[PDB]
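This text opens with one protein chain seen in two forms, each one given by itself as structure tokens under the names structure 1 and structure 2.
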Structure 1
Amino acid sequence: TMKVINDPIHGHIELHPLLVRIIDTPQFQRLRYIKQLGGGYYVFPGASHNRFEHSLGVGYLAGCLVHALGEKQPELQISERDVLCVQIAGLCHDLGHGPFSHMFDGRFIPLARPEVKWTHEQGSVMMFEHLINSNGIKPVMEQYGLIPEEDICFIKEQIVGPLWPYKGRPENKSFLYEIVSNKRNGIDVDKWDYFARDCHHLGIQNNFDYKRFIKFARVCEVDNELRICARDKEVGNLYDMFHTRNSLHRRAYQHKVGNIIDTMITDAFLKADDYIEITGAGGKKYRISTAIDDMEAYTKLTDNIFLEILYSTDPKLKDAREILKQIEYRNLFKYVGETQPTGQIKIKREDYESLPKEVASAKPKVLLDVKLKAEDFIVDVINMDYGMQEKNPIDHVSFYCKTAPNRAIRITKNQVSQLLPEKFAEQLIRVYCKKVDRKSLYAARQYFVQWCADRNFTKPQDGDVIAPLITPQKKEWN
């Protein structure tokens, strides 16, 4: 029956038998072989951690929050059925991540198959369905009081989202949808686990207290719908939650070398895509890019693929294997510099393909010893936000006061502090050069710093040093 398991982040947690049964399936255990931070392990040697253990922790925390809301407010009529369903959603929320997590849905699939709109979330829904059907879970759900028709829908809806649009639960339990993946503002237990866990393994202490948020969480009526509200005074801690997030993106998740290793692995997958077969349903053969179309195949597609390519001897894989071998020897593409747009210029995702052409096109006003072609440059554009593009997510949180804990309210940015961020979204543009040698790298720097001046981008931090002859050209930089 109930099973205790020792997580270093959360301690000894209990898993209800139904959860154990879901956990002990190929579709779930698959997450033991997919790293949380993708290529980040190749920069932060602590970050060996995989999706499996994150997935357990999200499940656990989903349980804590829903269970706590129920103790504090019986009127909500949260059943142990609701609790199990929320735990299951949490547990299975990342079932559909690919090899190297965010590299797969974020870099690889968009390049290998531009026609498809595919997300790790959609994969989770599909893989959940596959897990359920192939391991006879529906009878076991019934055994512990679930109703598979309704509840499987509710679980899927928690993961990917949908008058009242949800078919899984009624409006009087809309708060249950704000636990595992919060579409309204982003404050969800997924974040809370990864903050704590990624910090543990990364070697960074975490600024944020989930346990305290749970103690000051409460359900109130907002616009004819019951939602999770936080206490008025906690507004500060919530701005700090999203700061913590952006901070972890800057330090670790978007680390300039972590990302170049990601682009190199992605590059290697693209060159191996044609030649690697993965057996799926009915014995049909799938490629790495097409395994997402069949979940029995996708079950077998993990970080393994990296080592399968690396260890191979097939001459068809030589191109892909050479890239991965350059990662072993640490002949990585070289970082040239970082820059941002100015004013209110967003760079459209359509234009990313075109940017290397632009860097090589720049004509710096001294004659150059080495010309470099566009295919020598990589430009990587990265969006940093508070999880809702240009919007302040705290403008989409509801609060309560000590003196009236059932009355929800709003808190604007003025009402909190003048020292908060002015905008909530920006872009970072990193430029790397594929040619490693001393002469090419100098040239690349000159092209880059000029390109920055040409497009009225911010001056590179190191710009005066790396390109001392170019930085006086721009009046705006002096």
Structure 2
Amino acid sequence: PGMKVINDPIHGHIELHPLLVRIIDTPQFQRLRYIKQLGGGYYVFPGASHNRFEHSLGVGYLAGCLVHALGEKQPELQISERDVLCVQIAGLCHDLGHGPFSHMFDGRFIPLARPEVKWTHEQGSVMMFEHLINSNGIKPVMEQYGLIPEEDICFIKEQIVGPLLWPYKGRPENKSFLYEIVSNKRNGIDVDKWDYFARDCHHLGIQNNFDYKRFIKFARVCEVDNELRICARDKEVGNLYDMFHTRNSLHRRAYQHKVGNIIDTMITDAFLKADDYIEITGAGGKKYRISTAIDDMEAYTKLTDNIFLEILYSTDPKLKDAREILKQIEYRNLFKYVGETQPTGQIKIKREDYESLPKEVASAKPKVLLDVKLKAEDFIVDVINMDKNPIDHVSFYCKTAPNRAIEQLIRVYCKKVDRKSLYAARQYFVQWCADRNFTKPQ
């Protein structure tokens, strides 16, 4: 069986089964070369040039390592070569659905452009994966290696987006542990996070003391509360604490960076101003816009970070408004940071209300008379989401007896950089916080 070997800066040599190679070499997979992992992060962190493509190879690699390690150590689990491939394909394809600049796309842009629509890149990954297998005739290739397509493709989608009393149609309840590999949000520990923790740390120059190889050699499937779940050896606990500290550090230092997130709302603002005028040719030659390409995977296949440059380089005076914001990024005249607040206890601010937020802020009236008035378009309101002692939700096992177990941050920016426009914005913002019952700004 002919394997491709890929040298990876994080995992070293990655061997790829011919089936994975066929899936990798499609316009739909190669597309991920053109989407930055951290999006606007790159404009803060010069080392963060990495793309979704290499990350996905990693997740596919690690996904395989874990199933195979489990299968070798516990043959009773009945893990087939068919299972290993399906877990690897899920690992490979879990991010197919991301759009330009990754989380900026499904996390801010689509909510702003089309508030009524519900879209996640996970939903995209399932759609794009379906599009991928159909477009490139993957089903025969699967059958050749013993995969049964209607049976397994379902499994794969479920590993990505979740169940489409045992909710899963792709595998029976006795293999339930397989669903904990690629995406696990019970305890938020999975091969996806293992790759991007190590890979972001590598490109951001942040210290990562978590050893994922250790964790995989010692992973075991044990019965917990009637349920088969992946468990860690008890003395790997110190390792787990290192993982959680690495994750916290990536969030405070990188994902939540004040300038990083500012720049991402600027790229978003430019997309919104370009949305009317940009045409992406989809299936049947129909034309979609940036916000609608998610509706058709053929158009969406051509929607990547390139759209940034398409806007930047364009001559069309209709795109002038979009273009000048991107030029603002280039010249580094950025939105200025007004303040930060949290919603107290309560309910989370929701994506469908994102569009409404700047108008709420501008409609606040601070109690001292202010001689500057600011429109709602003068404001940017940025909703940043986060996800306890995390070690309690991890299940462990003892060596001597295995098979036995033992959040919203809200920032506001102003497009006006002169002092008393900025002074005004501050007053709007503190007042808005007061009457929406948010925490009082520093």
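Here, rigid core means the biggest group of C-alpha atoms that superpose within 1.5 Å across both forms. Sequence positions of structure 1, starting at 1, serve as the residue numbers.
> Looking at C433, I34, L65, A47, which has a Cα shift of 2 angstroms or more between the two structures when the rigid core is held fixed?
The only residue crossing the 2 Å threshold is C433.
> With a threshold of 2 Å on the C-alpha, tell me if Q340 counts as moved between the two structures once the core is superposed.
Shift at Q340: 2 Å or more after core fit.
> So, superposing on the core, is the move of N135 at the CA at least 2 angstroms between the two structures?
No: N135 shifts by under 2 Å between the two structures.
> Can we say the CA of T313 moves by at least 2 Å between the two structures when the core is superposed?
Stays below the 2 Å threshold, so no.
> State the core-superposed CA shift for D193 between the two structures, in Å to one decimal.
So the C-alpha of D193 has moved 0.2 Å between the two structures.
> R455: how big is its Cα shift between the two structures, in Å, with the core superposed?
Value for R455 between the two structures: 8.4 Å of C-alpha shift.
> Superposing on the core, what C-alpha displacement does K233 show between the two structures, in angstrom?
Value for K233 between the two structures: 3.6 Å of C-alpha shift.
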